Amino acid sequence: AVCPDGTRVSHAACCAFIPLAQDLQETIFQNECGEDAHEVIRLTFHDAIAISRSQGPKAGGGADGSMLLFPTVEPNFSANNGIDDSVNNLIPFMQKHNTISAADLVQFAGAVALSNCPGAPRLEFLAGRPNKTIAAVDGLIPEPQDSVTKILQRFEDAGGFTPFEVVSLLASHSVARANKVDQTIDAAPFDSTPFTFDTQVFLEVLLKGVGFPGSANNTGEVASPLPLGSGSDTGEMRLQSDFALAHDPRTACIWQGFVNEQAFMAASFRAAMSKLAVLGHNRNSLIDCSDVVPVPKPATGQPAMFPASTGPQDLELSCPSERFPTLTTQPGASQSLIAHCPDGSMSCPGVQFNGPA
């Protein structure tokens, strides 16, 4: 087909997503892998994972746009703390680009947000999900304090995800921060490069913890290897779940397998996301609109490296069957502060709309 802007697209139904991508970029992302982008990527997962094979259809419809359609229900469950901001930012687009369903909107927005992160893959995007569903039940969202067994069961019950696909999905923590785990601090990064879709998160979770970014008594949080922060540049935070998956016999070698393996990590993430994005639907009933997802920002191609103040001697390895790669260490006697803003500054508030959530 060919859209009203000369863009030759695969199917005419995909044309509507072009003006949406531009609107999302201009209004809330500003072509960067910042605050608003991170929040939308998180929403993609929270919307999709609320489904259960054992409990049946009444438990939730998966990637159905339920968070936007029933803003006063799910956003208020304990496990969805902080999701309100992304819901209120997306609702305005639902009302404007009214030919696109709330469900399609959520998945597409995530694909657009991710493309702003250097090193991220170009996600597959299928369209045609219904604009009608039910509000999901509480308890279907995994939490930081959950055990690996509980986490693995949840993903299996949601869509038959194997442990490999579960760890692959966690590559998203390479461009993630926390605002609710500790109420005394904001935007605590999970890795030293929160604006880069690289393999640092896999490396940094394997280092010995030496302190905490803020309080040391938070549910679902364990000691961090790079806790130093100053002003707006908050220190690195480490979640119990990420730590637990890095050391459990079932997932340890998978987790290590991604260290310094950029192409492998990105490809595996893309694959896992293809399954996640269609939970609650039959992919044979959705149109392929992948050619409408923006081309992702390229990375520099540099290898993973130990951040300043850490080295090979600080590793807590759990995979007995695989040799850990030889990586270099960045020079410096002390830990470098992790930048709060993608431009290096400490002042960069993302656009935020008020809404029902």
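The first residue of the shown sequence is 1; numbering continues from there.
| Is the mean CA B factor in the deposited entry higher across 155-163 or across 224-232? | Per the deposited B-factors, the answer is 224-232.
| request: Give the stretch, out of 283-291 and 79-87, with the larger mean C-alpha temperature factor in the deposited entry. | output: Between 79-87 and 283-291, it is 283-291 that shows the higher mean C-alpha B-factor.
| field | Which of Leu327, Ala59, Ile28, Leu43 ranks first by CA B-factor in the deposited coordinates | value | Highest C-alpha B-factor among the listed options: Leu327.
| request: Among all modelled residues of this chain, ranked by Cα B factor, put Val181 in the bottom, middle or top third, i.e. lowest, middle or highest. | output: Its C-alpha B-factor, which the entry lists for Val181, ranks in the highest third among residues of this chain.
| query | Among the chain's modelled residues, which third holds the C-alpha B-factor of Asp191? | reply | Within its chain, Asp191 is a lowest-third residue by C-alpha B-factor, going by the deposited values.
| query | Among the modelled residues of its chain, does the C-alpha B-factor of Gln107 lie in the lowest, middle or highest third? | reply | Middle third by C-alpha B-factor.
| query | Hey, what third does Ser241 fall into on Cα B-factor, ranked over its chain? | reply | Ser241: CA B-factor falls in the lowest third of its chain.
| task | Place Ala120 in the lowest, middle or highest third of its chain's C-alpha B-factors, as listed in the PDB entry. | result | Its C-alpha B-factor belongs to the middle third of this chain's values.
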